[PDB]
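Just the heavy atoms: all of them, side chains too, but no hydrogens, waters or symmetry mates, feed the values below. Just so it is clear: chains get the letters A, B, ... in the order the sequence lines come, proteins before strands, and each one is counted from 1. Every number for a ligand or one of its atoms is a count from 1 in the order of the listing.
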Amino acid sequence: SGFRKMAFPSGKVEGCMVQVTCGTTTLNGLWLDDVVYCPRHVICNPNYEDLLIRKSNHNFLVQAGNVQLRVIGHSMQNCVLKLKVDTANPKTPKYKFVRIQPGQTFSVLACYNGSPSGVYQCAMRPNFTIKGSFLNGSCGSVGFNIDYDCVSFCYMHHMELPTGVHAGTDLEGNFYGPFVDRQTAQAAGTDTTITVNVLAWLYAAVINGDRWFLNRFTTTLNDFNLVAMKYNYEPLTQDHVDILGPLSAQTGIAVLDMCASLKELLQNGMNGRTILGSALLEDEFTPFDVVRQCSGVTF
Amino acid sequence: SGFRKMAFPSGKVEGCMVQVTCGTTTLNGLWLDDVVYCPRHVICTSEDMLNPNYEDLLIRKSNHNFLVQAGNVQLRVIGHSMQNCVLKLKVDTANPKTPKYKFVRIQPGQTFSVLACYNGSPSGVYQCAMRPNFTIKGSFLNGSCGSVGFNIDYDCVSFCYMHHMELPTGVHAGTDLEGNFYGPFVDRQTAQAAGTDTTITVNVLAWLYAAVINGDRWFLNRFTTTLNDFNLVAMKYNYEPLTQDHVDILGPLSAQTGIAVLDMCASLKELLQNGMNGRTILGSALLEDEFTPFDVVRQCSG
Ligand SMILES: CNS(=O)(=O)c1ccc2c(NC(=O)[C@]3(OC)CCOc4ccc(Cl)cc43)cncc2c1
Ligand SMILES: CNS(=O)(=O)c1ccc2c(NC(=O)[C@]3(OC)CCOc4ccc(Cl)cc43)cncc2c1
Ligand SMILES: [Cl-]
């Protein structure tokens with residue numbers, strides 16, 4: 001029993017964290033095989049082609065523990081800088097670079113000066129920001145998932161928006177959201193609740209013996225989406241309904257039956273009651289996270 | 001900016017997790033240098049669990065009865081001894097991944113990271129607090145016994161907890177790494193229950209200072225209180241008494257924000273009276289008590 005926000009074991013990613021210093025700027029890099037990946041703003045209206053052409057390999061100081069790596073090449077791919085080094089990382093795990101969609105969750109290994117300091121779980125918000133926990137020097141920290149023994153790198157941290165939320169890119173340097181890596185007026189758009197994730201967390205509550213919110217009612221997918229749009233909740237699709245199938249079969253509560261519970265919770269509140277120790281509806285657990293935690297999958 | 005429940009990086013502990021098998025029982029072990037530490041109930045069958053005599057069960061075992069697996073490699077057990085509720089298996093190979101470590105016994109209110117494992121394989125990491133009733137609100141299934149709680153200081157791992165059992169309310173009980181249980185629990189299937197739990201007051205105050213550092217001031221008021229008047233109110237909401245030690249510990253946060261501890265105590269009294277009125281504090285509609293004053297300073301300053 002129990003239900004916690006749980007991150008993937010971070011060890012395979014810890015063995016890849018390095019410090020990258022160029023001029024007066026210091027941030028984190030991800031060392032995989034003979035390449036170090038880091039935000040391109042380490043070289044900083046910037047003209048990154050013009051700023052990069054003026055740099056030599058010896059301008060980038062890369063440090064892995066107490067060992068300095070020698071940079072033998074450099075190239076830019078979108079908003080990520082790729083530093084070719086002379087030595088392949090012997091701790092390189094089996095890995096892939098994957099771009100995730102809003103609502104998907106991942107683990108973040110927060111780093112400062114190439115040293116990991118913490119791990120937390122979070123979700124890609126529908127407005128493409130992440131509600132992270134980052135200070136100055138956190139740039140280059142990465143987001144990931146683990147499948148068996150393969151690390152899927154999905155996020156690299158780049159900046160903090162004025163509301164305290166964070167923006168970054170996939171490992172190919174493409175930003176999540178309409179953000180740019182430049183000091184200019186930028187803001188997070190109006191955010192919405194990840195509906196499929198709230199439903200998955202309501203199934204996790206049922207599996208853990210929290211059932212007060214259940215009711216005898218059902219609803220149509222159209223009627224639920226009309227209600228959800230009024231409460232700034234993301235639309236629920238047939239794909240989301242299908243994904244929730246296994247949890248629906250395990251608890252005996254049809255997805256549209258759980259939608260009627262969610263509709264009653266949105267129109268009436270919790271009334272002093274809690275669900276899994278929370279007075280708010282949690283949306284940072286996917287249906288797969290719920291199945292993984294309520295069955296004990298290992299890495 | 002931002003405030004998350006944050007666990008320590010788990011890599012130094014992952015390289016210590018092994019699987020320990022005794023007959024039909026399998027659980028997790030912690031391999032440090034040439035010793036594997038695990039709950040002593042690995043020598044019990046489901047039949048032995050009500051009133052087991054561990055000294056009598058252990059004396060009947062030989063080294064080859066213990067099967068220890070580290071990855072796809074079987075370790076050879078060359079000795080065994082019991083220390084309180086932990087079994088210590090001497091092995092023929094020192095773990096080359098043994099980090100710098102210490103065994104520390106923690107007090108209620110203190111937080112730690114838990115690396116949840118099954119069959120010697122890590123499956124997840126989360127952040128916990130030792131509740132005032134000496135239980136932890138963990139997330140554990142069958143076979144999680146032997147999973148460990150820890151903190152990291154520089155490059156040193158402080159092991160503070162080893163998981164042993166689940167009480168009937170779904171909460172968990174365990175020991176320090178010397179086998180001494182936290183709380184009045186025993187490693188027997190006899191009727192046991194968690195005592196009435198309370199809120200960790202010093203931790204709620206630390207989290208209110210974290211909200212002030214992140215720009216939230218809506219809950220502050222023009223009032224102060226005596227330490228005694230605060231405690232009289234707090235006990236009525238099942239909050240732990242706040243001691244002068246707690247007031248002193250909050251000193252640095254008080255100096256950084258400019259809000260005296262007893263002035264923040266007056267905001268807490270008001271929040272307990274009025275509730276939040278549809279508002280949240282650091283994205284939460286409840287008062288968070290699983291962040292210590294030390295966690296707040298580390299996450300907000302470095
Ligand atoms: C709010 N103060 S803080 O917590 O120390 C902080 C400061 C900077 C943080 C940070 N850095 C940045 O956003 C910038 O990094 C150079 C600052 C200047 O403006 C830009 C513009 C574009 C880009 Cl891509 C980056 C930055 C990242 N993540 C978290 C940060 C927490
Ligand atoms: C509630 N079902 S479950 O989630 O699968 C589960 C089952 C057993 C869990 C478990 N095991 C135990 O508590 C016991 O382990 C042999 C079961 C029998 O009673 C005792 C008595 C004393 C001691 Cl020290 C251990 C046990 C631990 N932690 C979490 C557990 C989740
Ligand atoms: Cl302590």
Side-chain angles (χ1 to χ4, degrees), chain A residues 1-3 24-28 39-42 44 46 79 110 112 130 132-141 156-169 175 179-186 207-209 293-296, chain B residues 1-3 25-28 39-42 44-46 48-52 54 85 104-112 116 118 129-130 136 138-147 151 158 160 162-176 181-182 185-192 213-215 292 294 299-302:
Chain A
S1 312
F3 210 70
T24 203
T25 309
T26 288
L27 45 66
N28 311 283
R40 70 177 176 173
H41 68 76
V42 70
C44 303
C79 304
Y112 299 92
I130 77 172
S133 183
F134 292 123
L135 302 172
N136 212 351
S138 55
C139 311
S141 292
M156 177 170 275
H157 185 58
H158 278 70
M159 69 171 200
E160 187 172 291
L161 286 158
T163 51
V165 305
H166 305 98
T169 73
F175 259 94
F179 307 111
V180 298
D181 55 353
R182 144 169 59 110
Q183 176 54 237
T184 193
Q186 306 186 71
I207 294 169
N208 273 284
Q293 192 175 162
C294 308
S295 77
Chain B
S1 318
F3 211 72
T25 310
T26 287
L27 45 66
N28 312 283
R40 70 178 176 173
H41 67 76
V42 70
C44 303
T45 69
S46 301
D48 292 303
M49 287 308 309
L50 242 195
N51 285 288
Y54 294 101
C85 306
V104 170
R105 182 172 178 87
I106 64 172
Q107 292 307 301
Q110 177 74 265
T111 62
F112 54 99
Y118 300 93
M130 176 62 58
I136 78 170
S139 179
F140 289 129
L141 302 171
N142 213 349
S144 54
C145 317
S147 291
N151 287 285
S158 276
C160 61
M162 177 170 275
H163 181 58
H164 278 70
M165 69 173 189
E166 187 172 292
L167 292 163
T169 50
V171 305
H172 306 98
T175 72
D176 57 30
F181 259 94
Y182 286 99
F185 308 110
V186 296
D187 55 354
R188 276 161 71 200
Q189 204 165 24
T190 194
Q192 306 178 72
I213 294 168
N214 275 96
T292 69
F294 183 107
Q299 194 176 159
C300 307
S301 306

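- Ordered by chain and residue number, the residues placing a heavy atom less than 4.0 Å from ligand 1 are A/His41, A/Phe134, A/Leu135, A/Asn136, A/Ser138, A/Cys139, A/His157, A/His158, A/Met159, A/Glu160, A/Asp181, A/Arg182, A/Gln183, B/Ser1.
- Residues A/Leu161 and A/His166 fail the side-chain proximity criterion, which asks for heavy atoms closer than 4.5 Å.
- Between the CE atom in A/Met156 and the OG atom in A/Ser141 there is a gap of 8.5 Å [rounded to 0.5 Å].
- Ring geometry for B/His164 against B/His41 counts as perpendicular: the plane angle is over 60°, on a 0 to 90° scale with 30° as the lower cut.
- Looking at heavy atoms from C-beta onward, B/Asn214 lies in side-chain contact with B/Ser1 at the 4.5 angstrom threshold.
- Among residues two or more places apart in sequence or in another chain, the salt bridge (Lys or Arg N to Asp or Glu O under 4.0 Å) test is passed with A/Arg182 by none.
- Classified by interplanar angle (parallel below 30°, tilted 30° to 60°, perpendicular above 60°), the ring pair B/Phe140/B/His163 is parallel.
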